[PDB]
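Structure record follows, encoded as C-alpha cells.
Number of protein chains: 6
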Amino acid sequence: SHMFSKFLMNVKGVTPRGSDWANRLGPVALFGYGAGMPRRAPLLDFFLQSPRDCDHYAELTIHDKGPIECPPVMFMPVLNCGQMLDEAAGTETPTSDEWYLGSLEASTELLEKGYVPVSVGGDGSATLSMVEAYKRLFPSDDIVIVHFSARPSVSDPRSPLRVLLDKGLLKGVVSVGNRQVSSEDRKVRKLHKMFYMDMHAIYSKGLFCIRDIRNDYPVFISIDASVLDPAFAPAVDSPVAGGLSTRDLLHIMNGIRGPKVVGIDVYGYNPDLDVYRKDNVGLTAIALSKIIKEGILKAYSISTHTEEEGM
Amino acid sequence: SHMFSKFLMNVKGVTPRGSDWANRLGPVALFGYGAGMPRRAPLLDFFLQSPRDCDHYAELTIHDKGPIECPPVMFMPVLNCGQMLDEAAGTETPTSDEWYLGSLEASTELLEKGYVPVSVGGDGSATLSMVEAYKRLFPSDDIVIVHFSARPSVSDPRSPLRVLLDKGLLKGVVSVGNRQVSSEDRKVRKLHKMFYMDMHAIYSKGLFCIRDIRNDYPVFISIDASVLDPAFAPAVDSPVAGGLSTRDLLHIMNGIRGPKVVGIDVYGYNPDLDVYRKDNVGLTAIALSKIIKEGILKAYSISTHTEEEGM
Amino acid sequence: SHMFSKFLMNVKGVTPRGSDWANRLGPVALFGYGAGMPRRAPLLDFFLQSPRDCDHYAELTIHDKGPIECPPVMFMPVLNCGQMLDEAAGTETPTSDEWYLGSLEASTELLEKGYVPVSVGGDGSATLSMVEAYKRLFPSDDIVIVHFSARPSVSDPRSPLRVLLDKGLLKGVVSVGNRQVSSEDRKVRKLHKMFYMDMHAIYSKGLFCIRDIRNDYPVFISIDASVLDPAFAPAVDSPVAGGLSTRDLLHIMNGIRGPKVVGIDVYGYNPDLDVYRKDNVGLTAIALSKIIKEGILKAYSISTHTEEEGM
Amino acid sequence: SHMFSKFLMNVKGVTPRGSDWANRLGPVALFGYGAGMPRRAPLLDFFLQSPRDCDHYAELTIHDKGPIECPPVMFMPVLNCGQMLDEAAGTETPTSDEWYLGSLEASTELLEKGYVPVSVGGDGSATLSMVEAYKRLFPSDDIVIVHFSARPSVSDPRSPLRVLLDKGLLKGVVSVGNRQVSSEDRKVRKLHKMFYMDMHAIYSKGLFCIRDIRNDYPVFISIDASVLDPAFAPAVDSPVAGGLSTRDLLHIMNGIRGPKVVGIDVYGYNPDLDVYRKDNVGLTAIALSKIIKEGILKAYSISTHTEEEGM
Amino acid sequence: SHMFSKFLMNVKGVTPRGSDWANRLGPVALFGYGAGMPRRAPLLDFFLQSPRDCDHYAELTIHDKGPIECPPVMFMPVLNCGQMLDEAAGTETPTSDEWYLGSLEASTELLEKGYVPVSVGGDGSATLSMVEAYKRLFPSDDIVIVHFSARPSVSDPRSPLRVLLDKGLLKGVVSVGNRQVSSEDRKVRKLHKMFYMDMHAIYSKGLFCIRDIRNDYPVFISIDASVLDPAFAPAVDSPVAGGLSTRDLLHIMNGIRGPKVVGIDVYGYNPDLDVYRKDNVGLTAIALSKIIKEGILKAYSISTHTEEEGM
Amino acid sequence: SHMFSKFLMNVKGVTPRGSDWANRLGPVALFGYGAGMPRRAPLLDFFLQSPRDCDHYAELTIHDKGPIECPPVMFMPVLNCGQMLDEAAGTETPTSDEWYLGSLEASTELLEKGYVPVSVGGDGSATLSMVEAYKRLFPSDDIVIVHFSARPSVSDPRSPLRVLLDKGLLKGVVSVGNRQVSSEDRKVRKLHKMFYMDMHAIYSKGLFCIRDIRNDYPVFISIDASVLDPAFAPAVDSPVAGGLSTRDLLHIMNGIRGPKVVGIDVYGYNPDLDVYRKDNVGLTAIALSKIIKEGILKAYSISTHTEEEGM
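Protein chains in written order, with the authors' numbering: chain A, -1 to 70, 73 to 311; chain B, -1 to 70, 73 to 311; chain C, -1 to 70, 73 to 311; chain D, -1 to 70, 73 to 311; chain E, -1 to 70, 73 to 311; chain F, -1 to 70, 73 to 311.
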C-alpha cells in the first residue's frame, strides 16, 4: 500500500544492529499500528511525550534516527520508526491484508536488523504478522506467546491467534486475564493445550504468589487492553468488568520469563471509547503508555527463573 | 398502579416451572425495578445486550417468553419479564407503596411459579418486598440476607433492611463492604446481632483468605452499587471512596453459601451520576452488568461449604 | 499579601487549645491551600459537605469558630479556618513566597495554639512551610515525614521536600508509592538515606503484610494525589499509571506510627484535570475527601506499634 | 472415692472469689486430673516449675492456698489445688464414675466460688463433668465448646463429647485440627451441625488468615494433645502425623472469642509414650506446659472480635 | 533369588483387575521393599495396623488375598502382597540386582494385572525398577516422576533416578524439597531440564500458594523420607535440617496432577536411626505411615487441574 | 589459661588475609567455644563432618591450616582453628573470665587478620567478647546485633548482651523469636530502644512477608538454640515450646542485611539435654550444623536491601 510508503522507506533505511550489541538483548524498535482502529491514532505520540523513567530504576532513550549506540549505565535506547500509516497521504483506508503485508515487511526488516519490534495500536492483527515475520527468519527457533486479554479470542478461525495455531508456528500459548470464555473457546483451548489463568483463578490464588511464568523459548508478548478493568482501560470494544488493574498487569508482566523477546503487540485501544479528563486526556492512553514502557524494559532484562546471583 | 399493568399482566401469564426442574436449583426470572430512580432505566437493556458467557465456564440463555426448557450442558436459562414500569404509559410517577405492591405481587408470583426472582435497578426497596414475598409464601423457611453496601443503611426506621428486621422475617444479616458507619448504625447493629465485614477489615485480613461465608439458610443477595469504589461504580448517590473493585465483589459473591437463592436485588445505579466513555456508555452499567450475570450463575450453583467431591 | 488578610485575621483570632485537652492528641485545624493551582479550589468545600463518619467507628465534628470543646465518645472536633485565599479580594494571584509566608504564619499560629494543622490543596509547597513552622516553634523536636507520591520529587534543588533536607530540619523521610524514579532521584535518595517503598515493591511483598511503619519521632504526612492510580485520582499533573487504589492508601495511612502528628498536606489536585460524573462531580474530589477525613482521624489516634493492651 | 478425700477436703475449704473481683474475668483454679492415665502424673508438677512469663506480656502467679488477692499490673493469680488423686493413699485405682463424680464435685465447687476451673491430665473425661458442673449451676447460660484433637471422638455413644451432645447441654461445637475422620464421625457431625476445621483445610487456607473464631456464648476449651503433630507431642495414644505445631495451636488458641471461659481441659498425655531428652525430660510435657499457661492467660483476656479501642 | 520365592509365588497368583473396575483409577497393590536397609523392616506392618481413615473423608480397606471387589461409597481397596523378602528363609542377603529383578518382576505383574504398585521401604532403588516395569509394558505412555528428597540424588551415574534419565524413559522430572545441591547436581539438572523446588524457594514463596503441579503425563511418586525435617523423620541416612513438616509434604502431595498413578516408592527409612518414644514406637514410622495412606488415596483421586465441576 | 595454650598458639600463627581478598567479604575463621557447657563439646566436630553444600547453590571448603587462597566459582573457604579448650590438657575447668580473655584474644587476632570469626558452642558469653574485640580494633565502626533467642536475656546486669548495652558499644539490637518476656525485660528493652519480633508477632504477620531486616551498620549474629522449638532443638536449658522451626530460622537468617559480618555466635547447645536417635546422633546437633553452615554463607553474601541488579 502507498499509505505505508514513507514509513517503510525509512524502516529499511535504518542502520543495522551495531557490533557492540553482540550478546546483549535489544535494542528495541517502535512503530505505530492502526488496523481496525480509527485513522487518528494518538497512543504512539502520547507515549513519546511520556516520562522516560521506568518502574525499575532504568531510563528509556528515544531516537528518531540512528545509529543506535550501545550504552555502558541504565540507558535503554528505543528506535522510533513513527506511524506506519502516513497521515495526509490520501483519504484511503488500508485493507486487512494491506496492514498484514505492511506489518509483515516492517517487522521482518527490523528483526533481521537486530531490533526487537514493538507494535503499538491496532486490533491485534499485528500479533499474527510479527511472530510470522520471526518464524520466517528464524525457522529453527520455537515461539511461545504470552497473551493478555479478557477473552481467549481463538474461537474464530480467522482470529490472529488461532491462525498462528492452525499453521502451527507456536510451541505454546499462555493466556492471562480471561473472564469471558465461550463454549468454542474451551474446545479450541483443549485441542492446542493452551495454558490459561482466568481472572477468578488469578485473584483467588493471590496475585503476590504469581512470581513468574517460566520459559526457555523466545517469548512474544501480545497485550490486549481489554485484559485491564474498564476503570483503568475503558477504551476497548465490548468492555468486560472485573479485570486487572494497571499495577496488576505490570506485576504479571514482570514475571515473564524467556531467552529473548521476539516482539510486543499492545492493542485494543480506541480513542472514541475512552474516558477523558477535563483536559481531554484519555484514561486508557495513560494506562497503556506505562505498560508500553515496562514492556520495552522487559525486552532488555528478560531471563529465566528468579534467582540469587553474583557476589 | 396502571404503570405496571402491561408488565404484571405478562408476569402471571408465565408458564410455571416445568416438572423436569424438580430438585435442581432455578430457573431465574429477571425484571427491571426503578423506584427512587429516574424514569429512564438503561441497566436492564444494557445487560440483555451484554455477552452471555460468565466467569465460571457456563452460559446464560435469555428468553422473553417461555416455556423455560431445562437443559441437560452449561446452559442457564433466564426469563426476561422486561421493565416493570411501562414506558409511554403516562407521565405519572409511581409512589413508594405503588412500587412496593407492584414488586410484592410480581416477586410473589414468580416465586411460587418456581422462578428465582432477580430485580435490577431501583433504590433497594425491592429488597424489602421480595424477601417478604418469600416469607408469605414460605412461612416455615428462614431467610438470611447478604448485603453489599458502603453503608449499613439500617439507622433509618423506614429503611428497607431495618423494616425487615423490625418485623423480624430475617434470621441473620451479613453486611459486606461497609465504610461509613454512624453512631446509630452501631446501635441497630448490636441489637440485631448483624455480622459485618467493613472495608478496612476485609482489606487488612486479605481478600484471598475470604473463601466463603457459610449458611444453611436460604440466602437473599442485596447488592448496592455503592459498595464498589467510585472508580468502578460512580453512578451512586453520595459516593464513598475506598470501596471494592468489581473483581473484589465477584470474589466475595463467589463465596456466598446456602441451599437456594430466594432472590437478588441489584440497585443504587443512577444514569445521571455515571462516568461516561466518549461513546456515551456508562462505567457503572458495565460493572453492574457483569455482577448481575455472575449473580444469576450463583443461583444455579449455590451450595454449602467448599469441598472435594466426586471421583 | 492582602489576599490572605481576611483569612489570617481570623486565624490569630482563634481561641487557643483549652486546658481540658492537656495530654490528649489534637485538636485539628483545617484550612484551604491553593499555591500552583487554579483560583477555583473546590476540594475544601467538597470535604465540608462530605459525610462525617470515618472508616474507623468515629465521627468528625466541624466548627467554623470556637471554642473547641473537648469531648468525653468518638467525637473528633475540626476547626474550619476556611480558604486562605479570599475570593473576590482582587484579580491578583499570590506569588510562591506570598503563599509561603502566608502558610508559614498561619501554620505557626495554629501550632502554638495547640491545633494540628491540616492543609488542603496547593502543589505541595505547604509541606515546606508547615514543618518549618513546627521546627521554629519546637527546635528540640525532631521531624520525620511520610511522603506519598508517584515521584520522589527531590531531584529539584527548589523542591519543597529537598529544601527541608538541604536545610536539615528532617530526621528521616519515608517515601511511599514511587514509580517514576530518575537518575538524580537515586542520588539525592542515597545522600540523605531516604527510606522508600516503590509500587512494584509494595505490590510484590503483599499489601496485607504492610501493617505499620514505626516511628518515635513526630510525623508529618505529605500526601500527593499522584500516588493514587489515575483511575482513582486523575486530577493530577503528569499522571503515572500503576498507582495505589484509594483503599490501598487508606490501609498504608492506617499504619503510620508516631507520638503526635505535626501536620498534614493533601495536595496535587487540579479541577481542570479531573474525570467528572454526569452531575459534574469530580472523581478525585471524591477520593481525596475520604483521605482527608481518615487523616484527621489519624491525628487523634496516632501511637507507636500495634499492640494488645487493656483488659 | 477415698482417693480424692484429701484433695476435695481442700477444694471446698477454699475462700471464695473476693468482692474486688466483681466484673473482671477470673480468677483461675488449677487441679490435676488422671482418669485413663497411669498413676504417675508429672504434667501438673512440671507446669508448676515452668517459667511464669507468657507469650503476651503478662505474668502468672501461683498460690497453693488463698485468699486470692486481685491485682491492680499484668499479674494473673492461679490457685493450685494440687493433684485430685492423693498419692500413697492406697494401691487402688479410681473408676470411670469415681473420676466423674470427683471431677464433677470439684469443678462445681470451684465454679460457684468464682474460679475458672482448669483440668490438667486425664483422657478427656474431665470435659464431660466440667461443662455439666457449669450447666447445673448456670442453667440459663448456653455453652459452646472449642475442641482440639486429631479425631472428632464423637462416634462413640459413651464418648465424653457426644454424651454432652446427646444430653444437649451444648449450643455449638467447634472441632479444630481433625485429620482422622471416620464414616460414623461424618454422620454424628451432620446431626449436631458441628463446625470443623480439618488440618488440610486449615493449612491450605493459610494459618495467618485464621484470626478468630467469634462467639457470644461462654466457651469451654477442650485440648487433646493429639491435635499436635507427634514431633511436638508424641505422648499420645494412636499418634496421627501431620498435626499442628505448638506455635500453630497457640495462634489458634489466641483467636478464641467469647464472654467468659467456663473451663479448660488439657489431656491426652501419657508419660509412657513420650519422647525424652537425655536428662529424661519429656517432649510433650514441655509442649503442653506452654499451652496450659497461655490457656490460663486466655481466661483473663477473653472477649469478642478483634478491635480498635481506646485512645 | 530364593528369598523372594514365597512372595513372588503369591504375586502372580493374584486374580487380575475385575471387569467392574473399567475406567476408574486403581486398585492399589502394596508390598514391602528392603534393599539397602536392615533385614528387620517394620514400616509395612506398622502401616497395616494404622488407622484406615484418611485426611480426605475416605477409608482404606486392606485385603491379604482377593478378589478385589469394586466399591460403589468412599472405600479404597488395598491388596497387601506382604514382604518381598521372606523372613526366616535363610541368613542370606539379596544383592542389588537380586532386589532389582525381584522388584522388576513383581511390579510388572501387578501393573499388567491392573493394580497400581506401591513400594514401601528400601533405599529408593525400587523407583528405578518400577517405572521401568511400567515402560516395558506401556512403551507408548510417557512417564513423569515427582521426587521428594533433601538431595537431587542424580550426581551419581549409578543413582536410580539418573539411570532412568540416562536410558531416557522419563519425559520430565519434578524435584521437591531439595536443600543439599552439589556442583555436579546443578550440571545434571540443566542437562535434563529438571524442574525443582528447593526448601528456601518453597518456603519463601508461601506454601499455601502451592496448589498444584499440573501434568497430563502419568505420574510416578518417589518419596524419600529425607525430604522431611529430621524432627519429623530422623530415621534417614545423613539427615539435613530445615526440611518439610509431615503436613507440608501432605499439602504438596495433594497438589500432584496427572491421568493415572504409575507407582509409588516410599523409602529412606532405617529403624536403627529413628527417634523412639518410651514405648519404643519410632517417630518416622508414624510420619511415613500417614504419607503412605494419603499416597494410596492419591492414586484413587488423581486428575488434572483444580476445578469447579458438577452442579 | 593454659587450657587454651595449644589453641591460641595456633591462632596467632595463622597467615593473615591475602592481598587477593581486597574488597570481597570474608574469609571465615571457625573455632569451638565451650563456656558454661560440659567439657565434651561435639558440635564443632559434628559440623566438620557434615555435608559442604549449602541451601543456596554454593559450597564450603574447610582448611585446618592456611594459607587461605581466594577462589575465582561458588567456593567458600573456612579456617578451622579447632577447639579452644585443649582436651587432655588437665582436669581443670576454665573460669568465666578465663573463657572471656581467651575468646577476646582469639577473636581479636582473627579479626585484624582479616577473618570473620564464628564461635560455636558455649553459653553465649562469646557474644560479649567478640563484638568487644571488634570494637577495640574498629573504634569508628558501629555495631548492630541480631539476636535469636526464646528470651531477651537482658534482665540480668551480668548478662553478655546487657553488658554490651551498659558499656554502650552497640548502636542497635534486634531480638528475634522471643516468647518469654519478663517484667524486667520490658523495662531494659524500652531504655535501650530494642527492636523485637516475638514468636506470636512473627507468626501472625506471616513468615513469608518477613523478607529482610535492613541495616547499614556491621552486623553481629548471636544465635541461641533456644529460639528454635524444642522439637527441633531440645538440647537447651529451660526449653520454651512454640518456637521457630529450623527452616523458619534459616528464612529469617537469609533476610539479615548489612555491609559486613563482624562475627557469629552459635550457642545454647548441651549434649546432656539432647534428643538422640537410636544411633546416638543428637537432634540439635543436626539442626545447628545446618544453621552454622548457612551462617558462614551469610558472611560471604551479606549486603543491603533485596534488589534487581545486573543485566
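Each residue gets a CB set at the ideal place from its N, CA and C atoms; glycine is no exception.
- Classified as buried, B/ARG179 has 16 or more neighbouring CB atoms from the shown chains inside 10 Å of its CB.
- Taking CB atoms only, A/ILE264 has no neighbour in chain C less than 9 Å away.
- Residue pairing from DSSP places E/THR59 in a beta bridge opposite E/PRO77.
- By the Cβ-count criterion, F/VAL116 is buried, with 16 or more other Cβ atoms from all chains shown falling within 10 Å of its own Cβ.
- When Cβ pairs closer than 8 Å are counted between the two stretches, the region 256 to 274 of chain A is seen not to touch the region 213 to 224 of chain C, the count staying below three.
- Relative to the Cα of F/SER155, the nearest Cα in the group F/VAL173, F/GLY255, F/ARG186, F/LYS10 belongs to F/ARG186.
- Taking a Cβ-Cβ threshold of 8 Å, the residues of chain B close to C/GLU57 are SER182, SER183, in chain order.
- The C-beta distance from B/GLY310 to B/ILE264 rounds to 28 Å, too long to fall under 8 Å, and the pair is not in contact.
- DSSP places A/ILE256 in the coil class of the three-state scheme, outside both helix and strand.
- Taking a cut-off of 8 Å on C-beta distances, the region 127 to 140 of chain D does not touch the region 33 to 53 of chain D, as fewer than three cross pairs fall below it.
- Taking the Cβ atoms as the reference, B/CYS81 lies roughly 6 Å from B/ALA27, within the contact range of under 8 Å.
- Leaving aside the five residues that flank D/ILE60 on each side, the residues in its chain whose CB is nearer than 7 Å to its CB run, in chain order, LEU46, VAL78, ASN80.
- Contact annotation: the region 86 to 102 of chain C does not touch the region 293 to 308 of chain B, with fewer than three C-beta pairs closer than 8 Å.
- When only Cα atoms are considered, A/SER159 and A/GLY124 end up about 9 Å apart.
- With three or more CB-CB distances shorter than 8 Å, the region 284 to 299 of chain C counts as touching the region 232 to 251 of chain C.
- Using a Cβ distance threshold of 9 Å, B/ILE66 and B/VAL262 do not count as a contacting pair.
- Using a Cβ-Cβ cut-off of 9 Å, F/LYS205 is close to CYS209, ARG211 of chain C, given in chain order.
- At a cut-off of 9 Å, the C-beta of C/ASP156 has no neighbouring C-beta in chain F.
- The C-beta separation of E/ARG136 from E/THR108 comes to about 7 Å, placing the pair in contact by the 8 Å criterion.
- Between F/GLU98 and F/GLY11, the alpha-carbon positions lie close to 21 Å from each other.
- If the five residues before and after D/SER119 are omitted, its C-beta is found closer than 6 Å to the C-beta atoms of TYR31, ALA126, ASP265, all from its own chain and listed in chain order.
- For the region 300 to 311 of chain F, residues whose beta-carbon sits nearer than 8 Å to a beta-carbon of chain A comprise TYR300, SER301, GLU308, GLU309, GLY310, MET311.
- In its chain, beyond the 5 residues on either side, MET74, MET76, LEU297 have a beta carbon closer than 7 Å to the beta carbon of A/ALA56.
- If only complete runs of 4 or more residues are kept, the region 107 to 157 of chain F shows the alpha helix (DSSP H) at 125 to 137, in order along the chain.
- Using a Cβ distance threshold of 9 Å, A/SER153 and B/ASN254 do not count as a contacting pair.
- Non-local C-beta neighbours of F/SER149 in its own chain, meaning closer than 6 Å and more than five positions away in sequence, comprise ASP224, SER226, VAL227, ordered along the chain.
- Between the region 163 to 180 of chain D and the region 189 to 207 of chain D, the count of C-beta pairs closer than 8 Å reaches three or more; the two stretches touch.
- A/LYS290 sits in a helix when the DSSP states are folded into three classes.
- By the 16-neighbour rule on beta-carbons within 10 angstroms, C/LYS63 is exposed.
- The beta carbon of A/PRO234 sits closer than 9 Å to some beta carbon of chain B.
- Residue range 183 to 192 is occupied by the alpha helix (DSSP H) that includes D/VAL188.
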